[PDB]
Each structure stands twice: as C-alpha cells, then as structure tokens.
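Listed below, chain by chain, are the residues.
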Amino acid sequence: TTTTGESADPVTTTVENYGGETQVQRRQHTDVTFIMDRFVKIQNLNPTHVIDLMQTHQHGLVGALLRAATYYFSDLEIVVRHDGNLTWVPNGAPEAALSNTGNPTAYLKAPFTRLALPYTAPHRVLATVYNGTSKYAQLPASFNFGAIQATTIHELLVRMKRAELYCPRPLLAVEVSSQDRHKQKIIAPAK
Amino acid sequence: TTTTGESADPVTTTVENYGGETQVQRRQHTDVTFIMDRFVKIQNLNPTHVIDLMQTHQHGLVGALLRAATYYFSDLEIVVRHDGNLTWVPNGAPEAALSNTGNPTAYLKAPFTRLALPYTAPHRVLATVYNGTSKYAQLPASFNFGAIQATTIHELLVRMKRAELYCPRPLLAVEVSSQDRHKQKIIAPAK
Amino acid sequence: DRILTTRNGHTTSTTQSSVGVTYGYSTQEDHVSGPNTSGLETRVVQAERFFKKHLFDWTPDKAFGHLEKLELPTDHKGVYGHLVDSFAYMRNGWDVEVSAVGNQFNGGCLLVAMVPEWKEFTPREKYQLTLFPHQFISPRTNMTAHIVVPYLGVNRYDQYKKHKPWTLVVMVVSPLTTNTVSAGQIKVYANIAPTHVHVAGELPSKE
Amino acid sequence: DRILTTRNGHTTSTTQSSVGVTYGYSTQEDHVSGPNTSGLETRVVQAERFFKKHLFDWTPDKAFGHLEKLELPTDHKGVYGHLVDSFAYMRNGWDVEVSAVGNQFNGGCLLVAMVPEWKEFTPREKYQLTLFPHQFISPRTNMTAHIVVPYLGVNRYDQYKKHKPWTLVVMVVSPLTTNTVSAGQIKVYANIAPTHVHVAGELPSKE
Amino acid sequence: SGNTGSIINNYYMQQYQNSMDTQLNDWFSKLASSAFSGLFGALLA
Amino acid sequence: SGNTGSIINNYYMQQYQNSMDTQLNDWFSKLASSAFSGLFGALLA
Amino acid sequence: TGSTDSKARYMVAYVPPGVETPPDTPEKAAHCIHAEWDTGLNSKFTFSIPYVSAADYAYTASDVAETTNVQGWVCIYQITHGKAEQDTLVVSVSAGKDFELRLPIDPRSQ
C-alpha cells in the first residue's frame, strides 16, 4: 500500500497485495477484561495497607498493562494472608476506622481470606499518571480501593474485575544489547 | 478362507466356515479414549519439570499404548504433590516465567493439587518419534505440555483427556524363554 | 487383472505381475492450504514424476529380519531436488513401486513397507512391521509391490533438510531360495514419484 | 494517475513517476500449444516474477547515440534459470521496468526500447530506434519506463542457449545535464519479469 | 465477562457481587477498522 | 467421552474445561470393516 | 523524509529460514518475496511480512540455543538514489489483520 504518511491515518496492508491470503484470527487472549482478570502480588506490605494498584510490579503482566493505559476502572478481588482479623474500609475513610468491627471484618480462617470489593473512589475513573497536584511525582491520595489492616499482613494478591482501560501509553519489552535478538532459556523436555 | 497373501488386503475368516457361530463382542475396554483416560506416574522429577508424556514408563499401560502410536493429541489433567506453591506455564514460555505469580499458580492445599490443562503445543498433533532435527535420538523441544515448578515436587501423575492416536507402531509383551508360555502368579484366594 | 500401468507426469511404469495397490492411512491428502503458509504455497506438477533408486541385492544368505531402508526424500538431481534447494517449505505424498525381478523358480518373501517417523526397530519389533502400510513380494506370485501414501507429520509443511517423514523399508521375511533353474540373486529397485508437490517460501539465490 | 503498481508472482514494484505502460507488437501471446511440442509443454508460474540487473551509469560525458544493451534471457540464478538448464525448449514474454533515478533538476533524455533479433546498429540507424517498442525517460518527467512484449520468433519454442529473441536497449538521446542542485550521475537499473513461461522436453540430470 | 467460566449462576445478587454503574464507545476498535488496505493508484497484476 | 461417568453436567464451561478444536475419519475402522470373510472358489458343504 | 529534490528507490525482502546468511545484494534477494518502490508525493509505503512457517504458531521469545533466527529475516535495500545522501527512511511496525497472540505469561524478573 502507498499513502501520505504525515496524515497518520491508520493503514493496514495485507498479504493479498502480493498474492497471499489473510487468515482467521482469534484474539480472546488479548481482550482487555480477560487479560487483567487474574491475581498478581502487591509485595510492599505493612499491617495497615492502602490498596493502590500502582503498587503492582511495573514489569509484571498486570502492572505493565495497567501502566500502558492512562485511565482505568474496575472492581476488585483480594486474597490476604494475615494474622489476626482483617478489616477493610472504603476510599475516604479515616485511618482510625480500621480498628473497628463495624467495618467489613473477616475473622481468620486458614489459609487466607479471599474477598470481592467494589470500586469506591469518588472519581468516575482513576489514572495511572496525573499531571498536577491534589493538595491546597505522586498520584492524588483519593486514587485507591480502600485500606486493610490486620495484626500482620503476610501476603496480598489483587485481581481487577471487569476492567476498562483508556488512552494507551508506552509498554516496553526488555532492552536488547545482543545486536540481533534477546535470547533466553525456553522450557524444553529433560535428557 | 483362501486368498492372495501378497496383496496384504485384510482378511477376517470366521468359525461359520466350519459350522460355528460368531458371537457378540463388546469392545468398550479397548476404545482408545477410554483406555488412555486414567492417571499414571511420571517418576523422574525435579523442582522445575517440563511435562513430557514420553517420560511415562515404556511398559506401563499408558506409556506402552502411547508409544504404540506415531502421532497423538490430547488435553491433560495432572496431580502434583509438592512443597510450596505450584506454578505452571504453557508450551513456549521462558523458563524464567516459572517464578511469577501471574502465571497459573496453585497455593498449597493438602494433600496435593489436581488441575485440568489444555493442549498448548504449536503443532496440530505431537509425535512419539521424530525422524529429524529441530535445531538450526530426541524429540523436538516443542513437544511438551508446558512446565511446572514448586520448591519440591514429590510426585506427578498425568492423565490424557480426549486422546486421539494415529499410525500404530509395535507393542510388545514380555519375551518368553519357557518355550511354551510365560507363567506368573495370578491372584487366587488364600488357604 | 494382474497388469497395471501407473502414470506420473510424462513417466509411466507397466507391470504384468502386480497384486494391486495398497493405500496407506488414507485415500486422499489433508488440506494443502492452511494457516501456516498464508496462501503463498503453490503446486509444482513438473516434480510429480518417477525417479529411480537401487535398494539392495537380495541373496540367499540374508536371513529373516535383514532390513534395508531408504529415507524420503532422498538426494534428487532433478526438478524435485531443485525445489528442496529453492523453497524453505514443502509437502508431498509418495507413489512407490518396488520391484524384485528373479524368476518363478526362486522362493522366499520380502516385506515392503512405508514407515512414518523411522526409528531403528529392535529384532522383536520386526515381527510387527505389518502394522505399517505394506505389501509382500514373493517370486511365485509377483515381482512388484506398490504402495501409495499421503504427506503427514506434526507440521503441515516441512523442511526436508531437517526432517524426513517417510521411510521405505524392505525386510527379508523368508530367505531367497535357489534351484538349478532359478535366478541366483535378485536386485531390488525402487521407482518412486512424489505426489501433490507444494512449496512455499522462495529462497534467495546462492550467488 | 502517475502511480502504478505492477505485480508478478510474489513480487511487486510501485512507481510514482511513470508515464504508463507500452505494449509492443501485441497485447496478447500467440498460441503456446502448437504442433511442435505435441502437447507436452507445461507452464511454470514460479518463474514469473521480477529479477534485477544494473544496466549502466548515465554520466554527463555520454553523448547522443551511446547505447547499452542486455540480451534476454540473461544469466538467471533463480527458478527461471534452472528451467533453462532442465528443459530443452522454452518460450516466454517480458514485463520490463527500467528506472533512472536522479532528481528533477537533471536534464537529458534516454530512449528505452525492446528489440527483436538484435544486430549492432550503425550510427545512422540509431535515428530510427523508435520503430521498436519504446518509452523515454526524461528526469523532468519520469524516472521509470515500462514495456511489455510477447514471445516471438521463427520458432514457436526456443533454445535460449542458442538464440535470444529479445534485447533491452537503452540509448542516450540527449546528454545528462547537471546543476548545483541536481544529481551528478544516474544509475540505470532493470526490473524484469518473464511472462507466460512454458517449457517442453525435460532433460536428463547431469549426475 | 473476563476470565470466569462457571456454567452456573452466582449465588449472590449482582448488587452485592459488583459495584453498579450509572449513566448520564470502543474508540480503538473504530480506529483499527477504519484503516486503509489494498493499494493506491493503478494496478497491473 | 472416555472414562467419565457423572450423570450431572460440568460446573464449568467447556471453553475452560478443555482446549477448543478448530477445523480447516477412522481409517482403521474402515480397514477392518473392509476385510474379506467367507471362502473363495466353490463350496461343497 | 528527504527534501523535495532527493529521490530514492528501495526494496524490502522477506528471507525465509533455510540459508546460512541473508543476501547482501538486491539481485540475490530478488528471488524472495519482495517489493520495490520509489519516493514521490506519497511518502509512505507499507509491506506485510507474511507468516510462513512449518507449525501453525511460532514462539514470541527466542531460545539461547537458536543461532540463526527460526522465522527468517527482513532485508531492506537501497536500489539507488539521486541526491539523497543525508536523507532518511523512518521505519515503524504494526500488527496485521490476522496477527494473533495466545497463551498469556508473566515472564519478567520481579
């Protein structure tokens, strides 16, 4: 295909131009809701922890794809391994509320607690980057999914439910120095 | 029945030729999908293990029947007894991926973990023998059902689901030296 | 009807001692246009014709189990061979005729078989080579065996310099016997034609 | 419409400075199946694709009449070339693109012609090369000439190792002129595709 | 919707399982679908 | 299909339980069915 | 991106696996699937790299053991140019209509 490149209009040429035949494609695995819908680790934890998806690892499957969007929306599931009872409070609650039973509190049941939580931010969508300040770099404090507290929080997994992503941003593979290809050990049978 | 043996056309004579009567036969137990559909041991294990059906024992019920086919297809179930969490990655994944939670990871639940896995090879069918090389004897590295990893893998059972076999190959019973029959202790009541 | 004429391109073969044609695994080919060649494959009928190869000399001293094999494709100095060097991927089936000309006073028997994914068979496995597409050649009855097989393999197209899906196998079932009026040995030849030849991925010239 | 894309097999050529396509002597081929091949000819579409050749460097010092030629077929290291060695007889037409890339600040003019049965032309005859299928390349207007010709000759099929019916000719009509903003020389290339390739009379292998 | 494959309904009502959206659109799908294909000019195939 | 005997459906959808086949045949059954039986010649029974 | 007075003619070829090294000249590469184009009013040319392989899918990653690339090469040549010495050809890539990715994995070091 020949065109005006400067206009930046999408152009998708096919193998038919030189006699080939375009095949059928099945893209379920790159569907946004599907791909974000799996548990990933949060990692930097404390007994009092504010749920912030930006604490996912930046190169992890979910963390990288999330950072490759400017705005997003989703509900959430969490799996928490903790000592003591686990309390959760919604976005906007005073940190002091984490000490009370009247807020959703899960009594310990081995091996860990799994819960479904709704989006509770006061904004219509959240952002992974925010160009400005929120007080009268970092993200506004209101970008969170609430907070949890237990005597000890050993592990925390989060899962984005019914995710929506808006305005794509750069997503990078590892840099290559080999001058030809990034090579690594791909799994193969023994002996 | 009398025929031209050289042509090698199938000929199935019956007892009717001399006055007998052919009976009803029920062959469900020799149905291919049915017979391959049971768990068998894998045996040579490591904390990082690539699932390769050719690691079944060559004289085991499943291992021998599998080797008596040239090509095959199937989905899979596995039972794994392991320490730590178990992670599985599909055919083609970098071995390094086994360390991450974003890949199907099963948290330990005694006594072991049972999972259903889909066929994930890039080929339409796999082979038990391959006459050639795959690099630019052994089987191409791409003939596998993914890999698993845990701190320790104590035991691994595999089960072929909806198996399909193509192009029969030799299947041998034990060799006999007795000159008449292979004899062995068949189970019989005590005293 | 013992007299058969087979035609492949501008080449023919006529035999008056045949016992028919054996089709192995199928009587037709899988689809030759799948997703892996993106519609860029083409057929080359000029390659679909007979080429020849001497396999071995069947002599009275070769015992049961003596096995001779020919992996396919083999070195080809004609059109088919040039395709292997000019295209990255190919697929084709085989039309195979094996002849063993002695006379009717010879006795004995040869098993002629086409084997997918060859591997060296142990002596015990040789008792089961009839599981593969085959015919027998027995001097009292025929001098020719004829087998037709389709392309097969884990991949829809192949790189024959790296993998050979089919192997022609000839095995002595009962040793060649001789008389005062029989031939003393029988030279065994193959007359082979590739079928439904398709290529994809034209390569650069070497110079 | 100055933008033209030509496709021959799995090869394409796109030009944004063309002045159309000139058809020489005919817009179709004579019959490819006549009595001289007894119905044994076949078509080889894998040979019908573009191959490349540098013709010469057009520099300011070459005067009117300077002539460069390329007899066809020429040495070919691809599929078409193998056909010349594997079959006794062949026939094909030609789809010819000649490009002369300088810039629009160059002046001058090249005559591009296809000549049947080449013979060295005398200087006076050069004034009449426009009797043959041709186009001009003049930097102020186009960088590409495009000519399509059918197979022809006293014989319906030919032995290209003994006779070359067509010759591509490029002749300087007006010398290349240069400025401070123009290119200093123009390299002239040919992008050629054989068309309607038919072969007959398969040859033995050399080994 | 997403990575879930239970053939059977959810034991809990939707008003509990998820947040509920209120009202007062696939841009990239439109953008990709709108892409030019084929050539431009005149073909001599 | 195979060695399974639950009278009741599977709790999970098929797209999850197994891989899904796509399209672009029992040779040995045909081969065995085609076998000659009886005799050959002339019977005197 | 050259100026109006700079012209060039380019060629792109898809070289499948099967040769030791990529062709170094347009003439050797002409026998491959390829496209040639010249510069003019339309500054952009797009070409589809076809999926041609033995298996129906290919691995996205590359193994330490594979020396020459399993899927072949793309070679870009300049046939010739006129006054285009400092002028450039910007190259970008996008997914084709039937491009497909399957089997999600989480491979980076974390």
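Rules behind the numbers
Residues numbered from 1 in each chain as written, not as in the entry; some residues may be left out. Chains lettered and ligands numbered in written order. Part of a larger assembly, values for the part shown. Heavy atoms only, no water. Helix = DSSP H or I, 4+ residues; strand = E, 2+ residues; numbered from the N terminus. Buried < 20%, exposed > 50% of the residue type's maximum accessible area, 1.4 Å probe, protein only. Areas by Shrake-Rupley, 256 points an atom, 1.4 Å probe, with all protein chains shown as cover. Contact = heavy atoms within 4.5 Å. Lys, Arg positive; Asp, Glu negative; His and termini not counted. Charge placed at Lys NZ, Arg CZ, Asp CG, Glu CD. Pairing = 2+ DSSP bridges. Axes fitted to C-alpha atoms, helices over the stretch in contact; angles between N-to-C directions. Salt bridge = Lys/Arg side-chain N within 4 Å of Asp/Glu carboxyl O. Polar contact = N/O pair within 3.5 Å; in protein donor to acceptor, adjacent residues only side chain to side chain. Buried area = accessible area lost by both parts, 1.4 Å probe. Nonpolar A, V, L, I, M, F, W, Y, C, P; charged D, E, K, R; others polar. Core = buried A, V, L, I, M, F, W, Y, C linked by side-chain atoms within 4.5 Å. Patch = residues over 30% accessible without salt bridge, like charges linked within 9 Å, V, L, I, M, F, W, Y side chains within 5 Å.

- The PDB entry lists chain E under the name Capsid protein VP4, with Foot-and-mouth disease virus - type A given as the organism.

- The name the PDB entry assigns to chain C is Capsid protein VP2, from the organism Foot-and-mouth disease virus - type A.

**Comments concerning the overall build of chain E**
Here is step 1: For chain E, the helix and strand inventory stands at two helices and one strand.
Here is step 2: Listing each helix as α and each strand as β along chain E from the N terminus yields α-α-β.
Here is step 3: For the C-alpha atoms alone, the extent of chain E along its principal axes is close to 65 × 30 × 10 Å.
Here is step 4: Expressed as a percentage of its 45 residues, the buried residues of chain E come to 9%.
Here is step 5: Surface accessibility of chain E: about 4100 Å² in total, with carbon and sulfur atoms responsible for 55%.

**With respect to the overall build of chain C**
Here is step 1: The helix and strand tally for chain C stands at one helix and 12 strands.
Here is step 2: Reading the secondary structure of chain C in the N-to-C direction produces β-β-β-β-β-β-α-β-β-β-β-β-β.
Here is step 3: Seen along its three principal axes, the alpha-carbon backbone of chain C occupies a region of about 60 × 40 × 35 Å.
Here is step 4: Taking contacts inside chain C between residues at least 6 apart in sequence as the whole, the part at least 24 apart equals 82%.
Here is step 5: Separation of charge centres in chain C, based on 20 positive and 19 negative side chains, amounts to 3 Å.

**Here we look at helix α1 (residues 79-86) of chain C**
Here is step 1: Listed as buried for α1 of chain C are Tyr80, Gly81, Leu83, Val84 and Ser86 of chain C.
Here is step 2: Packing partners of the buried residues in α1 of chain C comprise β7 (87-100) and β12 (186-202) of chain C.

**Remarks on helix α1 (residues 79-86) of chain D**
Here is step 1: For α1 of chain D, a buried count of six out of eight residues is recorded, marking the element as mostly surrounded by other parts of the structure.
Here is step 2: Of all the positions in α1 of chain D, only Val79, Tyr80, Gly81, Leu83, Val84 and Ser86 of chain D are classed as buried.
Here is step 3: Summarising the contacts, the buried residues of α1 of chain D are in contact with α1 and β7 of chain C together with β7 (87-100) and β12 (186-202) of chain D.

**Points about the sheet that holds strand β6 (residues 67-72) of chain C**
All names here are of chain C.
Here is step 1: Ordered by their spatial adjacency, four strands build an open sheet running β6-β11-β8-β9, and the pairing between neighbours is antiparallel. At either margin of the open sheet sits one strand with a lone partner, and together these are β6 and β9 (134-137). The average undirected angle you get between the axes of adjacent strands in this sheet is 15°.

**What to know about the sheet that holds strand β8 (residues 147-149) of chain B**
Here is step 1: Strand order across the open sheet formed by four strands is β2-β8-β4-β5 (chain B), with antiparallel pairing between neighbours. Bordering the open sheet on either side are β2 (48-50) and β5 (105-106) of chain B, each of which pairs with just one other strand.

**Topic: the side chain of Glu41 of chain C**
Residues and elements named next belong to chain C.
Here is step 1: Within the secondary structure, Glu41 is located in the loop between β3 (22-23) and β4 (42-43).
Here is step 2: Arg156 is the oppositely charged side chain nearest to the buried, salt-bridge-free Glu41, at an N-O distance of 9.0 Å.
Here is step 3: One polar contact links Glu41 to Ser33, side chain to side chain, over a distance of 2.7 Å.
Here is step 4: In this structure the side chain of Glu41 is engaged in a polar contact, spanning 2.6 Å, whose partner is the side chain of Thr37.

**Thoughts on the interface of chain D and chain E**
Here is step 1: The interface of chain D with chain E comprises nine residues on the first partner and seven residues on the second.
Here is step 2: Both faces considered, chain D and chain E share a buried interface measuring about 660 Å² in area, 62% of it formed by carbon and sulfur atoms.
Here is step 3: Contact with chain E buries area across many residues of chain D, yet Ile3, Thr5 and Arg7 of chain D alone supply 59% of it, more than any other trio.
Here is step 4: Where chain D meets chain E, there are zero salt bridges.
Here is step 5: Linking chain D with chain E are five residue pairs in polar contact, by the criterion used here.
Here is step 6: In terms of residue count, the dominant contributor to the side of chain D that touches chain E is strand β1 (residues 4-8) of chain D (four residues).
Here is step 7: Residues belonging to the side of chain D that touches chain E are distributed by class as follows: four nonpolar, three polar and two charged.
Here is step 8: Two strands pair when backbone bridges link them, and β1 of chain D and strand β1 (residues 42-44) of chain E are joined in this way by three bridges, in the parallel orientation. Each residue of the ladder has a partner; that of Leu4 of chain D, found in β1 of chain E, is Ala42 of chain E.

**Structural notes on the pairing of β9 of chain C**
All names here are of chain C.
Here is step 1: What you see with β9 is no split at all: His134 and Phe136 on one side and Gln135 and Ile137 on the other are buried throughout.
Here is step 2: As paired elements, strand β8 (residues 107-116) and β9 share four bridges and run antiparallel to each other. Among the inter-strand pairings, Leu111 is bridged to a residue of β9, identified as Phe136.

**Concerning the nonpolar core**
Here is step 1: Grouped together as the largest cluster of nonpolar side chains are 126 residues, with contacts concentrated most on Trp94 of chain C together with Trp94 of chain D.
Here is step 2: Ranked by size, the runner-up nonpolar core spans 31 residues in total, among them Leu61, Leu86, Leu126 and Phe145 of chain A.

**Describing a nonpolar patch on the surface**
Here is step 1: A grouping of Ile7 and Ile8 of chain E together with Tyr11, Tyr12 and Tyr16 of chain F is seen on the molecular surface, where their side chains present a nonpolar patch of about 500 Å² in accessible area.
Here is step 2: Tracing the chain through its elements places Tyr11 of chain F in the segment before α1 (14-17).

**Points about the interface of chain G and chain A**
Here is step 1: In this complex, chain G contributes 34 residues to the contact, which on the side of chain A involves 37 residues.
Here is step 2: Carbon and sulfur atoms make up 53% of the surface buried where chain G meets chain A, a total of about 3100 Å² over both sides.
Here is step 3: Summed over the three residues of chain G that lose the most area to chain A, namely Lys44, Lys97 and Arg108 of chain G, the buried surface amounts to 20% of that side.
Here is step 4: For the pair chain G and chain A, the interface holds one salt bridge.
Here is step 5: Between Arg181 of chain A and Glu66 of chain G there is a salt bridge whose closest N-O contact spans 3.3 Å.
Here is step 6: Counting across the interface, chain G meets chain A through 21 residue pairs in polar contact.
Here is step 7: Grouping the amino acids of the side of chain G that touches chain A by side-chain chemistry returns 14 nonpolar, 11 polar and nine charged.
Here is step 8: In the sheet, strand β1 (residues 2-3) of chain A pairs with strand β3 (residues 44-45) of chain G via two bridges, with the strands oriented antiparallel. Note that in β3 of chain G the partner of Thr2 of chain A across the bridge is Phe45 of chain G.

**Focus: the pattern of salt bridges**
Should their charged atoms come close, side chains of opposite charge can pair.
Residues and elements named next belong to chain B.
Here is step 1: By the definition in use, this model includes 47 salt bridges over all chains.
Here is step 2: Two residues, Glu77 and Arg114, come together in a salt bridge whose shortest N-O distance is 2.9 Å. You can see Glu77 sitting in strand β3 (residues 69-83) and its partner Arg114 sitting in strand β6 (residues 113-117), a full 37 residues away along the chain.
Here is step 3: Between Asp180 and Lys183 there is a salt bridge whose closest N-O contact spans 3.3 Å.

**Observations regarding the arrangement of the chains**
Here is step 1: Inter-chain contacts occur across 16 pairs of chains; the most extensive set of contacts lies between chains A and G.
Here is step 2: Taking C-alpha atoms as the reference, chain F and chain G come no closer than 12 Å and do not contact one another.

**Quick notes on the environment of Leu61 of chain A**
Here is step 1: Mapping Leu61 of chain A onto the fold places it in helix α2 (residues 61-67).
Here is step 2: Here the alpha-carbon distance between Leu61 of chain A and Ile35 of chain A, two residues 26 residues apart in the chain, equals 8.6 Å.
Here is step 3: Setting aside residues up to four positions removed in sequence, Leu61 of chain A forms contacts with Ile35 and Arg38 of chain A, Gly102 of chain B together with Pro104, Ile105 and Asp106 of chain G.

**A word on the side chain of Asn103 of chain B**
Here is step 1: When you line up the elements, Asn103 of chain B lands in the loop between β4 (86-89) and β5.
Here is step 2: For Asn103 of chain B, the side chain forms a polar contact with the main-chain nitrogen of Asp106 of chain G, separated by 2.8 Å.
Here is step 3: Not counting residues within four places of it along the chain, the set of residues in contact with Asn103 of chain B comprises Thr87, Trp88, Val89 and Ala97 of chain B together with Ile105 and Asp106 of chain G.

**Structural notes on unusual backbone geometry**
Here is step 1: Cis rather than trans, the peptide bond between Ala110 of chain B and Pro111 of chain B has omega equal to 0°.
Here is step 2: Along the polypeptide, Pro111 of chain B turns up in the loop between β5 and β6.
Here is step 3: In this model, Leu72 of chain C is joined to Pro73 of chain C through a cis peptide bond whose omega is 0°.
Here is step 4: By the secondary structure assignment, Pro73 of chain C is in the loop between β6 and α1.
Here is step 5: Within the chain, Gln179 of chain B stands out as a residue other than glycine whose phi angle is a positive 80°.
Here is step 6: As for its position among the elements, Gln179 of chain B is in the segment after β9 (152-168).

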